[PDB]
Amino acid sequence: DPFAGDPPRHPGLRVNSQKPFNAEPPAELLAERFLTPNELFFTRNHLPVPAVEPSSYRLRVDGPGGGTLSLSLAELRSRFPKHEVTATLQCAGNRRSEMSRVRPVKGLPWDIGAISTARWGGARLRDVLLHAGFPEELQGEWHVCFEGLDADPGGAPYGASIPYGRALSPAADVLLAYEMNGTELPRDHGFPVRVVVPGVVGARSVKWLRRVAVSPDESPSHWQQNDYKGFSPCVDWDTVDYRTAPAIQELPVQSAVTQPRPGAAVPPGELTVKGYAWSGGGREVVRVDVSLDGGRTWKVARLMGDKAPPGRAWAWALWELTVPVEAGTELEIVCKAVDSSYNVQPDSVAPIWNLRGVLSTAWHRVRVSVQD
């Protein structure tokens, strides 16, 4: 069994796949803390988890002239000044299950918790590439490709790429992280090294990093070319042409209600509604609107968190709104967020439906009842 060596996990996780392991924290704990504990941070694995001997581990980075720089874990820690970045990773498939309600889709049936937040520590990718000899700027459209140590039966490794400008930008905060919430990277989260690409879909933050290469093209890997793309609601498996849509990089504005949970019976008097909101590309969440009547009337929730610099809001905003609720009533709780570029979320899922079940960002609706 290829998965016998996988790490043990926290028992309260909502698991949608055991082999390979894919799980999310319970929604009731998801937004309990700003930084998601390492043991509850959602886990998305395409393959068996690599077992890595730290001292023999080498990160390979190809230089400008075709040479190869080879770095040990000790050297990655000692050569480059450690930088810390608090960033939220959201999977493209977050909230896929709401989409399947409209019309079945193929994919892991995530609820609202394929998102988590951590303070990451590591070398900046930028410094590693400047050390390998690359310039701050290359002419034209270049990409940085990453391969992981995890590989499918045929030997193809998990891989992804990001544009060269993002990799070299001081402000974009791309890390080759070896620490997570103050401790070393857990195995499920990429030990000993993963890429963390703030403001970008989870798929590009390659775990168990074995190689870094600069190329005039995007990663040729199946997951960069033939997956993690958004299509029209009309497209299906027989018509999809992956050349017609760009690989998902930055993600759009998103939010969900984490408390209360669907089907809850809540006591009359006061109700504290809670959730998260986040947007891609370093775009801050500037407002979260909450409705208790199915989206007819709205109130403004309180945003928690502390501001980040402009263009660098990599971490989610937790929100709450305490409201009066009358005995014997039925509530349809809805939330929608607005970002710093005034992007907003769409009313419904059908018009944004797609065959892969990705980019599920229509309003989250939670129906509960108020007891007598």
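Don't overthink the numbering: it's just position in the shown sequence, from 1.
- Of the two segments examined, 201 to 209 and 220 to 228, it is 220 to 228 that shows the higher average Cα temperature factor in the deposited entry.
- Taking the PDB entry as given, 55 to 63 carries the higher mean Cα B factor of the two stretches 55 to 63 and 335 to 343.
- Ranked against the other modelled residues of its chain, the C-alpha B-factor of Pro48 as given in the entry falls in the lowest third.
- Among the modelled residues of its chain, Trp278 has a C-alpha B-factor that falls in the lowest third, as given in the PDB entry.
- Looking at the C-alpha B-factors along this chain, the one for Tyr164 belongs to the lowest third.
- For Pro252, the recorded CA B-factor ranks within the lowest third of the chain. Only modelled residues enter the ranking.
- The deposited CA B-factor of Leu89 belongs to the lowest third of values across its chain.
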